[PDB]
Structures are given as structure tokens and as C-alpha cells.
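Asker: just the first chains of my complex for now:
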Amino acid sequence: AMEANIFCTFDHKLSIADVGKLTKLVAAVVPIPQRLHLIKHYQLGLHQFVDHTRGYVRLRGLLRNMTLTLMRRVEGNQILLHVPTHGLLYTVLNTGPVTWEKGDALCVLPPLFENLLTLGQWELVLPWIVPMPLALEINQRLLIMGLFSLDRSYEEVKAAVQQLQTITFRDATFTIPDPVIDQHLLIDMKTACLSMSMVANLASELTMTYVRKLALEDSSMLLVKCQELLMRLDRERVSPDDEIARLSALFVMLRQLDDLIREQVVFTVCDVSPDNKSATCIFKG
Amino acid sequence: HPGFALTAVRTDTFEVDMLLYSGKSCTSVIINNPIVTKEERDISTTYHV
């Protein structure tokens, strides 16, 4: 009995080498922008979202919107994609820089670096599948490298960034690309860093006034200690509409951080082989 | 010569062909029909007999 697959077609004519190249990806994670039954090859993968002014932050935010599909079958004139359903078991290809092990929680990340298939001004750039701790570490590395981006005139800072840039995991080491290219930081990472710094700055000044009043009442005797800590950090160094404006700004900056602050788990692993290129996982939405 | 006279002991492994004798019907082996347990991975299924 058949199953509910998606059909994809290529405008480009395919050689036998291209088709054979596709048949190797018969368990890959190919994301699609929208839940459609018949799509063209352009909508496969992240190549449609690439731009020369945006970076990892923008593509991570865009990946979170997409629908994740596993390639299922390859033939002449057709590619069949399966959209998986939560709680069912599926086979997925390891394509990231790291080895998986049983019990891992996998998440989808933009790629940071026979070959993969290009036809015209086209390329099949598949996302990275890594365990959740590695993704969290990578995201934090990228954010910190962004914050250091304005002190790059000194060698101490550059050594700090070179230490941030190399990461080690299960029997593998790789260097993530620096968010600073052509000596200047891209606008998406710039907005991420600026929002982080703004939420920090707004909290620093706003929180004391409220902590005093609410700590007077607080039966938890926790908010008194909170106010004591605020007094300590003070010691180390407004119109009502403007108070409303600053509170609104704090919360809008936090919403700006939301894409980076948390990432979803999409799989959990259970399979081991010399064939390690693949594993069986249950899907999570 | 130091003042002591050590004694060495080592183990060697030999590759051996063995023969076994057993009597007629010296043990009765009870069996049933081989059965199939299913364990479906996704890209392929494995059937355990």
C-alpha cells in the first residue's frame, strides 16, 4: 500500500552521474519552504535563501520555518520526498562533521562549510545534523565572536577569536567560519549582538527601581538578596512615557534574541554500524 | 651478577585439532519450529528468526 510522498521534478536535464549522485542521498534531510505536493527542484535545500549580505543568524531563523522532509526514492523525472510525522521511526543520513551515538538529540543547523549536486546556478546545500550540545556551543561561539568584532585591532583579541573558532567534539576538530568577513560584521549578526547588548544595558538600569519596591513585599526574602546584588554591581561602578518606551524596548530585544536563545530537537538516535553514515531516529516536531 | 637469580615463566599458545567421541543418542535435543520476530528500521526491515 502506497504512502504519502511528495513529488519533485528537475527543470535541468540530468545525466546518469547526476541521478546516481541523487540515489546516494536516499535518506537525507531535505527542507522545503511549504507543504506542497508537486514542487520544482529550486525549492529543495537552502540554496534559495543564500545571500552575500546575511549569514548564519538569518539562515538559522529561516531553517526554523521550513518543513523537514527525508528523501525516499530517486528515479528518472522524479524525486519522491517523505514528510515525517512526530513519534515515528525514520532513517537519516549523517552529513555533519561529527559522529552520532545512541541516545543523542539531533538538531538541524545551517551548513558552516562524489561531491554534492549542482546543475545550473543551482546547488543542493543540505542542513547540518549535529547533537544538541554541539549546536549550542557553536551558537555561543558565533555570538561571542560577534561581540569581539570591534576590538580586532589587537593580537590578544585575535588570539581569543582563534581560540573561540576551533571546537572539539567526539574524535573530531573543525574550525567554524568567522562571522567577520571583509573586516566588517554582517547585518544579521550585527542585529543579534546589538539586541543582546541592549537587553543587558536596559536591564542594568531598569531593574533596580522595581526590585526595591517588590522586594519590600517579597515573602520569599529572595528579592532582598536580588536588590543587595544590584547594589553591589552599582557600587562597583524619568518621564513615564519614557519608562514605558524602555520597558517595551527591553522586551522587543528579548524577542529578537528568541531565535538564538533556544533551538529545537528534531530527532533522537538509536542505531550503530560501521555504516555510520546513517542511523535510525524518531522524529520530533 | 646481582645478588638474585630470577626465574622466568611464560605461556605459549598452540593451534590444535581435536576429536570428540559421543555415544548413540547420548543426548536428546528437543526443538520447535523457527519463528520470525519483526524489527522494522525505516530504510529496511530486519526479520529475526
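Answerer: That came through, no problem. Numbers count the residues shown, from 1 in each chain, chains lettered A, B, ... in the order given.
Asker: who in chain A is up against chain B?
Answerer: Contacts of chain A with chain B, taken as CB under 8 Å from any CB of the partner chain, map to A:26, A:27, A:89, A:90, A:91, A:271, A:278, A:280. Yep, even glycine has a C-beta here, placed from its N, CA and C like the rest.
Asker: save the residues you listed as TSV, and put in secondary structure too.
Answerer: Formatted as TSV, the residues of chain A next to chain B follow (DSSP: H, G, I helix; E, B strand; the rest coil):
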residue	secondary structure
A:26	coil
A:27	coil
A:89	strand
A:90	strand
A:91	strand
A:271	coil
A:278	strand
A:280	strand
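Asker: now a ChimeraX select for only the buried ones of the residues you listed.
Answerer: Applied in ChimeraX, the following selects the buried portion of the residues of chain A next to chain B according to 16 or more other CB atoms under 10 Å in any protein chain shown:
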select /A:26,27,90,91,271,278,280
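Asker: which residue does the stretch 151-285 of chain A have closest to chain B?
Answerer: At 4.9 Å from chain B, residue A:280 is the closest residue in the stretch 151-285 of chain A, using CB to the nearest CB.
Asker: wait, doesn't that residue sit right on residue A:93?
Answerer: No. Residue A:280 is beyond contact range of residue A:93, at 11.3 Å (criterion: CB atoms under 8 Å).
Asker: contacting residues for the residue of chain A found nearest chain B?
Answerer: The minimum distance from chain A to chain B, using CB to the nearest CB, falls at residue A:91 (3.9 Å). By CB atoms under 8 Å, 6 or more residues apart in numbering or on different chains, residue A:91 lies in contact with A:27, A:70, A:278, A:279, A:280, A:281, B:41, B:42, B:43, B:44.
Asker: switch to 6 Å and redo it
Answerer: A:27, A:278, A:280, B:42, B:43 (CB atoms under 6 Å, 6 or more residues apart in numbering or on different chains).
Asker: as chain C, please add this:
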Amino acid sequence: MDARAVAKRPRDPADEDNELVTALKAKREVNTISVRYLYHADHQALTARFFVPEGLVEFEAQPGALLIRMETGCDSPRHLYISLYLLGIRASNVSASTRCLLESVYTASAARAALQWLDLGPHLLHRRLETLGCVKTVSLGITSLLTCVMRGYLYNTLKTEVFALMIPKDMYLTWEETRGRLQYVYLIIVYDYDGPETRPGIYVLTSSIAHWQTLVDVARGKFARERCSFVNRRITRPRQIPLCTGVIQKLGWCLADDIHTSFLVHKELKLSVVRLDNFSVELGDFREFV
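Answerer: Alright, chain C goes in next:
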């Protein structure tokens, strides 16, 4: 593509003959293997098998133990699969008599090495433990095999019997006078910031609350002293940045009338447990709260 085919009821997958039966019938061949009925074919439980040394399988030989994956600091045996019982030696909420009992049971190089690998690093427990499912099958050996359930009920090959989840009594939490019909099971690790070394508490909580914020509110009420310990350490001890007072992850659901008390016998030692009689496994990730 016609109305008769649309209105036609779907075939019953149990009335259809299998792939093996269809092939053998197609060539009219016969095999000594019996292929008319396939065991585990209609099991909706997702399962995996884990190989574990003999030293860790105490109290796990009976179906119903929760299996946790701990990462050692080293490279060769990168992970160990330990149960909630061995983890109870580390817990602070476990009474000293129960702790002595558990330490008397787990007296092998593997279990003591698990405990050492836990206490050796600087990370917290939860940044170091990944939760697998609950266990229901054991074949014994110097390298033992446990089948574990990732998402489903715990039952026999024929579902002729259905297993419960076993919680050591000192780790069991309940927070309402009367339970509602359906109640969700959580695993909570809460860190106490007393003096030189953070002391963890390990709890398993059954509550009808599914919404995250309500659960975290009642938890912040129940663990207010740990929150005060966290902030008081932050003020008294700068430059040693602590994260989380505790973590909650959801690992199942159960019915309120399927909670009963029981004991587990091993080496002629009785460990009293709280059992969830038709437990269903449904894992989330760790959520940290302050």
C-alpha cells in the same frame, strides 16, 4: 480514481498475508521457518537495545527500570548506561539507610567507576546525563543486553503482560491532595549550593499539570530554599558562575489509579518503590528553571 475505489473500505493489515507468505505462495515454495505470524509486527512501542556490563545490571534485571545515559570524561567507553537506582547513590534526598543498601548492592568496578566519572568533572548532572527510555527485557552475560522502550508501553512479546515503571520511594514526589485522572511524570534534578560542592536532589514527580509555566511555578514554590541558595551563592561567591537551580524534563504519562507501592528483592535485599502500572514513555528534553 473512481467513486467505487474511494468509497471502498481500506484493507485490514491483519487480514492481508505478509510479504513472506506472499512470496512463498507466489512460487508455491515451502520453508521450515514459520512465517504465518510475525511477532512484534503490531507493537506500537519504539524500542532499542543497549549493551551494558554485568556490573551495572543489578536492580535492572526486573523489567521497569529507567535507563539513563551518562557521558564519561574519556574517549574509549564514551557513555555508560546507568539506571535511576545507581544514580540514587548520588542523590541527597535518599535516606542514609537506603543509600547504604544501594551501596551494598552496587559493588563492582563498573558501578564505582560510574560514580567516580560522575563526581570527577565540573559540569552539573544534567549537562552530563541523557535520558533513555524504560527497560523491559534482560539477557544475562558478562556483557549484558537490555532492550529499552523509547516511546510506548512496556509489555511482553504478545502484550500478554504490561510492565510498570519503578521509582525508589525517597525519589517519589506528589503535590496534590487528590489526583486528576491523567497525570504526567517528570524527572527533576535540583541543585543545592551549600558550601564547597553543589549537592543534587533527584526526584520523579507525577502531576496532572502539563502546561510548562504552571509546573515551573509550583516547582519554584516547592524548591524555594534551593532558589535562595542559588542567589546567595551568586552574591557570596563571584566569578564561579552557576547555571540553573534545577532542571525538569518530562518522561511519561500515567493514570492516577495506576500508582501503587511495591518492593524489589535483589540479593535478598528489599528496596521499596512506587510503581506506575501502565506507564507510557514519552520523552522531552531537560528544561532548566530559576
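Asker: same as before for the contacts of residue A:91, with chain C this time.
Answerer: Residues near residue A:91 by CB under 6 Å, 6+ apart: A:27, A:278, A:280, B:42, B:43.
Asker: residue A:87 now?
Answerer: Applying CB under 6 Å, 6+ apart to residue A:87 gives the contacts residue C:151.
Asker: redo that, cut-off 7 Å
Answerer: Applying CB atoms under 7 Å, 6 or more residues apart in numbering or on different chains to residue A:87 gives the contacts A:282, C:151.
Asker: all strands for the stretch 51-200 of chain A, in order.
Answerer: A:67-75, A:78-82, A:89-93, A:105-109, A:128-131, A:166-169, A:172-175, A:180-181, A:184-185 (DSSP state E, counting those that start in this stretch).
Asker: how about the fourth one, does it reach chain C?
Answerer: Yes. For a cut-off given as CB under 7 Å from any CB of the partner chain, strand A:105-109 has contacts with chain C, namely residue A:105.
Asker: that strand - contacts with which helices or strands?
Answerer: The contact analysis (3 or more CB pairs under 7 Å, 6 or more residues apart in numbering or on different chains; DSSP states H and E) places strand A:105-109 against strand A:128-131, helix A:132-147, strand A:267-269.
Asker: TSV for the ones you listed, including distance to residue C:223 and mean neighbour count?
Answerer: Putting those into TSV (distance: least, CB to CB, whole Å; neighbours: other CB atoms under 10 Å in any protein chain shown) gives the following:
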stretch	distance to residue C:223	mean neighbour count
strand A:128-131	29	24
helix A:132-147	25	18
strand A:267-269	28	23
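Asker: returning to what we had before: tell me the one of the contacts of residue A:91 nearest chain C?
Answerer: Looking across the contacts of residue A:91 and measuring by CB to the nearest CB, the closest to chain C is residue A:280, at 8.7 Å.
Asker: state the distance from the nearest residue to that closest one once chain neighbours are set aside to residue C:137.
Answerer: Computed as CB to CB, 6 or more residues apart in numbering or on different chains, the closest residue to residue A:280 that is not its neighbour in sequence is residue A:271, at 4.2 Å. Residue A:271 is 18 Å from residue C:137, where distance means CB to CB, to the nearest Å.
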